[PDB]
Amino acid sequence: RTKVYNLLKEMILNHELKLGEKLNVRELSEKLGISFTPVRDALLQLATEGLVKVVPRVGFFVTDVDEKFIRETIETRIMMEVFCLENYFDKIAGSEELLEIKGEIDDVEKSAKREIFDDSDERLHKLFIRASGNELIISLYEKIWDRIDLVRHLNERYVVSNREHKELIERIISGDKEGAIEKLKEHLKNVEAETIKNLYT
């Protein structure tokens, strides 16, 4: 149930199962060599998360992504990341993980290696959330991050995002709370706009 959930989610997030694609439990079970029941269980789990849609009298489909999808994700990120950066600022600023990430970011500034960036991006934003120690918020944000991953194909600006991340960390390290928050908001709004523009290719 979990192995298969994780496998099917990976296939949706990396678009092996395409946005909007019709999903058939039996096809998947045969494709994956896994019985029917845990495939169905996993699809239902994915439906409650919004990555799968269940259309009465028809069946399961991979979610479509439209402007609303992107916008709702970004507003949710603003709400959660800002709350956590504001209220757990000193914990974040003093963390060993912030310094590791800072190094990754410097590496990207030189290499423009997208893979390192992707790592650093997930790590930085999840750090802000993890610092709360609130398992409920952490678990909710894991699913919000899935929505971000789903639209990664539209998020081309990584070189400029990396500069934004570099500056954000500098503000955090210096103690500039309000400046850090403003930079985080600017970054998220810039991502929103770029992501949406690329939706319309």
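Residues carry their position along the shown sequence, with the first being 1.
When the two stretches 112-120 and 84-92 are set side by side, the higher mean Cα temperature factor goes to 112-120. Higher mean CA temperature factor between 94-102 and 124-132: 94-102, per the PDB entry.
Highest C-alpha temperature factor among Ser29, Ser161, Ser139, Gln45, as the PDB entry reports it: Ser29. Ranked by Cα temperature factor within the chain, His165 sits in the lowest third according to the deposited record.
Split the chain's modelled residues into thirds by C-alpha temperature factor. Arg152 is in the highest one. In the deposited entry, the Cα temperature factor of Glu178 sits in the middle third of values across the chain's modelled residues. Among the modelled residues of its chain, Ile12 has a C-alpha B-factor that falls in the middle third according to the deposited record.
Among all modelled residues in its chain, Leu23 ranks in the highest third by Cα B-factor.
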